[PDB]
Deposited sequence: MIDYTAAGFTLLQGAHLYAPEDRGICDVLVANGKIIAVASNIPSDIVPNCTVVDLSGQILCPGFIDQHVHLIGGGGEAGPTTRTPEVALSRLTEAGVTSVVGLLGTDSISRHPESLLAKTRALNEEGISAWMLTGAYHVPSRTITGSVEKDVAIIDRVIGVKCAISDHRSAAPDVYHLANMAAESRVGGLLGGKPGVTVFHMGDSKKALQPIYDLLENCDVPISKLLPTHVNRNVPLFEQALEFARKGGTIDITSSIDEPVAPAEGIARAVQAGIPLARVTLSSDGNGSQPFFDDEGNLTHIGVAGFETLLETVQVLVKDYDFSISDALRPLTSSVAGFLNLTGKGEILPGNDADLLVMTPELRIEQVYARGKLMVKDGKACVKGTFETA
């Protein structure tokens, strides 16, 4: 018997596929952590030494992409005792997260991008896919190489920069500092093949998104690179966000915020306003201690409580995020893409999770954990 185990051939058959597009009952063939075929009735012996998984009666969809996670820990706003712990691999996977973007927050004194970089790489070695944003709330940005542009251009896992505006914990950045930072991420992105985005932590100031419009008035960074997040934290800000998304921008709703605008509610309002789901993303702000359970809960609520189809409910956590961050090979089940898959019950309860072809979760419980979990 010839050994073909190195390919890790895995056949997921009989599941109702949402890639996120409804593909009905369809099989998915995996090899080397990559989807190599997506079709109805793929021969269970099409490839040798193939692990065939019977998913009849279950749902199969893309793994979630969480672009706002404090991977090395966050907090600290009420003293050092409030500094949260680093994220545990199993917490992400059990929540359906197979791709993640780490970032820093208010604290960039006891938190550093080099630590974030290291954690991002550990997660990649451990089985999932991780990227990070350089900078933090503070502006000018505290970077790895001394320049936002250089960080995005030369640090492989860096795809953009983060900052905070209209928030009582901002560094009071003026338009120039804000514009230059955004422009550097944009150019750095072109040079390093990164999306080169600027993520804006929004606060409760009455000025809301004004800094972003001021920025657009003082530079030429495409609006498609400017991502306001936590837009559901207050109503006036949310209304501005809808207006921003209407002008061509993409907005990030936080699932860890249940009031005044719940996450499912924000996604629904966006659609009501006529915003394409492609410009609406959902992140957890996990470990900021915030968990990741609010991600799946939002999808469940969207389908159960609101009237979103499973396909649409999935977009803000998959194709929309992958599209915004140009995450090649993610957020969609198609041949050539990474085998990041979720197996759910018809009620959308996670049963299995595959990351790059490897089984990370088996019965809703992680069977692969961080080195020191």
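**Student:** Would you mind checking the deposited sequence against the model and listing the stretches with no C-alpha coordinates?
**Tutor:** No coordinates exist for the deposited residues in 289-303, 389-390, so these stretches are absent from the model.
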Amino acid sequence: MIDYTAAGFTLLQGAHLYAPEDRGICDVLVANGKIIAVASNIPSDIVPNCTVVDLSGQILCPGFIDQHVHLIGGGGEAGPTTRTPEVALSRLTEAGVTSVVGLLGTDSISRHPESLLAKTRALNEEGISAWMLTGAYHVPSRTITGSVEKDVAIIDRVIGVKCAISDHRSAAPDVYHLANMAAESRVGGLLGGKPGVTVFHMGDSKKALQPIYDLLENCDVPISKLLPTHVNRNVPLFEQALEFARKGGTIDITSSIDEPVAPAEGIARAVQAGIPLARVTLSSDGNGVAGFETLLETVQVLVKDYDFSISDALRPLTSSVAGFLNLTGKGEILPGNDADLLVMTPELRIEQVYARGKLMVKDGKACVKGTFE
From here on, numbers count along this sequence of modelled residues.
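**Student:** Select between 312-320 and 43-51 the stretch whose C-alpha atoms have the higher average B-factor in the entry.
**Tutor:** Comparing averages over the C-alpha atoms only gives 43-51.
**Student:** If you average the Cα B factors in the entry, which is higher, 224-232 or 209-217?
**Tutor:** Per the deposited B-factors, the answer is 209-217.
**Student:** Looking at 78, 197, 302, 183, which has the highest Cα B-factor in the entry?
**Tutor:** Comparing C-alpha B-factors across 78, 197, 302, 183, the top value belongs to 302.
**Student:** Just say lowest, middle or highest third for the CA B-factor of residue 338 relative to the other modelled residues in its chain.
**Tutor:** Its C-alpha B-factor, which the entry lists for residue 338, ranks in the middle third among residues of this chain.
**Student:** In terms of the CA temperature factor given in the entry, to which third of its chain does residue 258 belong: lowest, middle or highest?
**Tutor:** Highest third of the chain for residue 258's C-alpha B-factor.
**Student:** Could you place residue 289 in the lowest, middle or highest third of its chain by Cα temperature factor, using the values in the record?
**Tutor:** Its C-alpha B-factor belongs to the highest third of this chain's values.
**Student:** Select lowest, middle or highest to describe the third in which the CA B-factor of residue 174 falls within its chain in this entry.
**Tutor:** Highest third of the chain for residue 174's C-alpha B-factor.
**Student:** Rank-wise, by C-alpha B-factor, drop residue 65 into the lowest, middle or highest third of its chain.
**Tutor:** Lowest third.
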